[PDB]
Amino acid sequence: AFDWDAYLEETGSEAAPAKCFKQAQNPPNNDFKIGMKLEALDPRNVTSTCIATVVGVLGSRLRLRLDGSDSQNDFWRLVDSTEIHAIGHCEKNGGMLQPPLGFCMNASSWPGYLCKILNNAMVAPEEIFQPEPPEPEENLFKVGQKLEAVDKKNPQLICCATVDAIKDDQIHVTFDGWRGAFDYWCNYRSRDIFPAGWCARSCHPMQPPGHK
């Protein structure tokens, strides 16, 4: 459990206030179980919705993998993400499920495929999907502030970070003790940033600053 209060005091810093983030005041409960199927936006083509399977769970996050694709392109979504839904959601809304971009068969094999994987499949019930957190209506971050952030190159990891710079609705996230190579800009609404303490409150491991 990372001693944020010690760290803030030794670096002379403020943590960014909770009202800055689009995250629930309390981490949402994660009732998902590994093997459950659900519907998610294909990160490699965000216009497609695809069947995904929970392959890991960590704090309030799911590690998802799209059925019929590959094991090298897993992605993580919070249980209260608006990019995952219960199965049947897409269709109820006038949509069609799509094969993943990395689908391992040929396309005409897709309709048959959906049937086989949906047959007696373990499916996440709709009630375990958490509601979308209220959002701030402007950027309240400020240069200097510290926070917890997913490292988009190794997303299993959430790490101690700092806001470096601001241009309107974008913040620039830096990772303390790492070479600015893991830095990124993101919208203040991003679901990949959290107030200091969030990880401990949700049982997600939280990386201390790097050793550089």
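Position 1 is the first residue in the sequence shown; the rest follow in order.
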item	value
Stretch with the greater mean C-alpha B-factor as recorded in the entry, comparing 164 to 172 against 49 to 57	164 to 172
Residue stretch of maximal mean CA temperature factor, 177 to 185 vs 33 to 41	177 to 185
Record-listed C-alpha B factor of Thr82: chain third	lowest
Entry-reported Cα temperature factor of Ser108, expressed as the chain third it lands in	highest
Record-listed C-alpha B factor of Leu114: chain third	highest
Chain thirds of CA B-factor: placement of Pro136	middle
Third assignment of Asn120 from its chain's C-alpha B-factors	highest
